[PDB]
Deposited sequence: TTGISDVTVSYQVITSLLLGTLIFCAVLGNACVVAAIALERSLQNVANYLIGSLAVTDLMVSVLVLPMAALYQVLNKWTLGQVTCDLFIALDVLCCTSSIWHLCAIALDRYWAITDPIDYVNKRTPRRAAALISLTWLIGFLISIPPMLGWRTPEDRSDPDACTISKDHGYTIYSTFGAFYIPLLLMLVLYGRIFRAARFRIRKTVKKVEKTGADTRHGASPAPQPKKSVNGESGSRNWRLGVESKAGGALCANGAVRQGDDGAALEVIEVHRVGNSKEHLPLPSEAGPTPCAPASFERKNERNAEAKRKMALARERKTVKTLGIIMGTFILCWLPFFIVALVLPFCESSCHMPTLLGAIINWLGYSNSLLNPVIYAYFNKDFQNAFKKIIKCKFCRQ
């Protein structure tokens, strides 16, 4: 009965994610009004998330529901590679979106003159290249005899060097870069907001409201990403160096892994469904 409930919940999650991502991917194409550099980055992020939902999630659901691997070493390697590649691609797509917003905010001249879809294409290509770099080692090398040693397990490579490299280049460098860029964006927004007496009081009210809104937006954008990935990556970094002691309860691992995948469902919500252009497009098409 427990497995039935787990299957129901996980299938509901994998579905809703697929629907949400495919909706954005179809909206970007069926309405002319949404084809923008920032919106092409958002659509590429949605495509990456849809790939996560369709390919990596079904193999992963089978792992949790049955508590065992039932597809063999080749399938396990393919699943690990695809999961790592797509998750890194989604994280770096978020980073690229952050970078594009920072450049647009702080470089209006470039936005007017030197901004074209070729920028979004290059950003997407670079994000996918970083994902390829992160996911290559577990296929072109590594996979030590102790790794995947259990015939019914599909554990990711836990080599110290590979673990630090992957964790860094997948969550921490993107985390620091996003933090710095969003801090600069916050400072710029504060400067712009700061930059008869009843009218002055009204303008002060408007400035305070804009400060609250920017704080809320930054908080959501950073906190969803952190709450989703940081629990997963902290464990992924600690456990390889904590083999001797860490008990590693299975429930906590399952909860984090899924938080991380749920990240794929939440990304399109935050970046398109809160976006006014996408919501208007959905209202018009529907």
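Residues of the deposited sequence lacking C-alpha coordinates fall in the stretches 1 to 9, 205 to 300, 392 to 398, numbered from 1.
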